[PDB]
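Below: the structure, in structure tokens.
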Amino acid sequence: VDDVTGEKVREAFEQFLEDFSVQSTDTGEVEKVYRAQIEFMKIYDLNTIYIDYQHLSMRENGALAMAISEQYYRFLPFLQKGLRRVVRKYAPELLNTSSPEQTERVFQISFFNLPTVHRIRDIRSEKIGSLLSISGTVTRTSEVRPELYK
Amino acid sequence: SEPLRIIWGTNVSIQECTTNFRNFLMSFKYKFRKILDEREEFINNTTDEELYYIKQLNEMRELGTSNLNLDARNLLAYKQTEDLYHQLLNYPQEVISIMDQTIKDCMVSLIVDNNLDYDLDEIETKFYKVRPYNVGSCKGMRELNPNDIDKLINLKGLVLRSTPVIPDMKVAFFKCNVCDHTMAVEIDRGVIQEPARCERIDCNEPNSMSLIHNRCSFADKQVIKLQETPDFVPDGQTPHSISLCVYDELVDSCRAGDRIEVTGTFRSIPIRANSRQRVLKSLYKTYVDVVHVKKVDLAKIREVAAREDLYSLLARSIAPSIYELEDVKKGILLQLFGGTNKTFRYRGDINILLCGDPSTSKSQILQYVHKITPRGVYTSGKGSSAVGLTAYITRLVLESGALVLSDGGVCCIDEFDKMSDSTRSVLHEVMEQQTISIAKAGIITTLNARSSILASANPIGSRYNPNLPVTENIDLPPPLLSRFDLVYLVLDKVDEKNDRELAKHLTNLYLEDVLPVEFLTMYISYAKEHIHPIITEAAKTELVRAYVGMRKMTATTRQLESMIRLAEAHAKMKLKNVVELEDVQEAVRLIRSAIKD
DNA sequence: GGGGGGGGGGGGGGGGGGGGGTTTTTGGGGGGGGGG
DNA sequence: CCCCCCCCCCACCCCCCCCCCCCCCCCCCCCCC
Ligand SMILES: [Zn+2]
């Protein structure tokens, strides 16, 4: 069985990622910031894309943004599927770490610029699996370690 | 011919319980409660004919909120529901679930019977809760016994600490490894009802469902430790304590140090000998599973603000039990008002000290301002009776001292002469920068103290000598003494024209029952909330000429800054939004009195 | 043309085996207080 | 005001579990009525 909501989320997000159009303080010719950021990743051989949540919020009546806020943990693999197809279209050099088989590149989808910041005290378990932004002061840190992923 | 839904072990019909509750949750009137309670002649139709719980549900539905408070005596006031009270006490979880469901049904039925349009889908989606309270006598924590093990009880006590919020699973979420089909399973009595085979008959693989932890649905649980209040303890032994479990929007109803009531079902559960075994200990953990918790104007403001004698009126009202020290009272009132802040730091704090003889009214004065101020503290210059002045690292944790705890309030310090030297140094950066610098254990910060200090200090020995300066009488050094805006001397020197009238004023308190002493806090509150004085352009020239005058008479810019802050405080008084020439003049005059010491 | 009997597969139960289950002293550094 | 002291804090049986084996039950196919 396939998650129709997840697949439709992937379709919407993939389209947004490849063709979200804007520019400012410049000519009116649209920059298509995330396609251009994929080019920047291709130049500097990066493996993450930074996404402004408000750009999703204005897109398509914000329905996609609401879905990704409410049920982020469900839809993150679908977002990676959409991102992978866009990277195939506009920067297929990046699908590998880039012969011995240079492995599949993983993509971290680093959201930012959320509507509101929750405090550590505002944690409440309905928000399990949802996207938030959190603030506090870093009182201690771990050693950086390898987590077995695949 | 039909099945019956029964509260198990009781023979109570749930249909009867439901309708007995419904016919009170609607059609109850508050007039009936005064029939039950004392002073029944205070019934009044124009206030008491109200359909009280229809009124509650209407305001509640306009706020869209899930919770209803219910004083349990209101059940006993109403004929069809007095039995429901006993069922509520004796069989609480079933009756409370019935009451919850009935509240939701009342909300649903109102928007189709009273028939105003509303989001039916919103009510359908929402859960609803009753919060019964005042269930009965607040029986002692030490008095509980195994007959209580399922009853709705009431407790009073002191909160020691609470856990962080604990996620409690309400619906497990399962996914099939082979076919990726998903199904939701409600958690029943804390047990996961795992599907042994995949639901889809076209797949039906055994043992293939797996739990997807972060797609389950979780309620909020919190555990709070409640200590027996020392009012109830027998004198020769430790207080007891009870752990209480609290859920959802009742999480963080209280914090450490709160004295509270709780209404809740007394519960007990077994605990294991070791986690790898089912084997249980033969005596259960007890806890209370709470359902309610509780702790322990502008027209007049503008009317009083029109008065001409307001400065003297408010000043005498801060401590009318104390014989005349009126410039001290005026100074402390102006300290209560305070100046203003600015972004760029310069801030609104005003700082005062009292010295002179020890056996005099200064301690009472500190106590009165402590009682008046919203969030101040009382302390003394050294030592710690589990409360101390400076911020301090201890076990590893940083504790905030009385100065830091007095953020936004007056910090009252007695024995300020006998203060320890590390504290004497620490006071400089709160006097100047209103902060204290912390640089330990991987944390570096200027911990902002933001407190006005009222000090009380003493001479060396039993008597102050007024033929010697303040620095010669007092222990604490001049550079710290210089930081205070106003500094005062209170002396026990004999004079019958003062002492007799003081004694008569003091002794008359034992016989007698304008002084707006209880309105003072409200006036201070609204003034601090609403009024932010700015300096008039003419007041610039007034401040400059006054400063150069006292400079021609050893002043420093700290005196000018003090005159600014006092004038701004004087403008919060009378609710004036711009500092006037008279405000500068009184700030100047009071400082001219103080600096002459 | 339907029902019974025989034969084969698949599942469940029972049994057997196996593994797991805090104060007191000593030394050091740092902070605070007292005496010359 | 400086130095020294002294004070504080810190370091073998029983249950759960898993594997293996045997029997029974249920379905399908073939024959008989
Ligand atoms: Zn399946």
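Counting starts with 1 at the first residue shown.
Including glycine, each Cβ sits where the backbone N, Cα and C put it.
These come from Swiss-Prot:
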BINDING   B:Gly356, B:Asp357, B:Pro358, B:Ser359, B:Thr360, B:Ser361, B:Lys362, B:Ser363  ATP binding site
MOTIF     B:482-485  motif 'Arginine finger'
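Sequence-distant neighbours of B:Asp357 (ATP binding site) (same chain, six or more apart, CB under 8 Å from its CB) are B:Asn458, B:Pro459, B:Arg463, B:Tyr464, B:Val490, B:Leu491, B:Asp492, listed in sequence order. When secondary structure is read from DSSP and collapsed to three states, B:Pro358 (ATP binding site) falls in the coil class.
Summary of the ATP site environment: with the site residues B:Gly356, B:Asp357, B:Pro358, B:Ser359, B:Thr360, B:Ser361, B:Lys362, B:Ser363 set aside, the chain residues having Cβ atoms within 8 Å of the Cβ mean position are B:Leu354, B:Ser456, B:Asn458, B:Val490, B:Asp492.
Proximity of B:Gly356 (ATP binding site) to non-local residues of its own chain (separation of 6 or more, Cβ distance below 8 Å) is seen for B:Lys362, B:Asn458, B:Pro459, B:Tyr464, B:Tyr488, B:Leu489, B:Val490, B:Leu491, B:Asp492, given in sequence order. Neighbour list (B:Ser359 (ATP binding site), Cβ cut-off 8 Å, at least 6 residues apart, same chain): B:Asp492. The C-beta environment of B:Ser363 (ATP binding site), restricted to residues of the same chain at least 6 apart in sequence and closer than 8 Å, consists of B:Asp414, B:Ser456.
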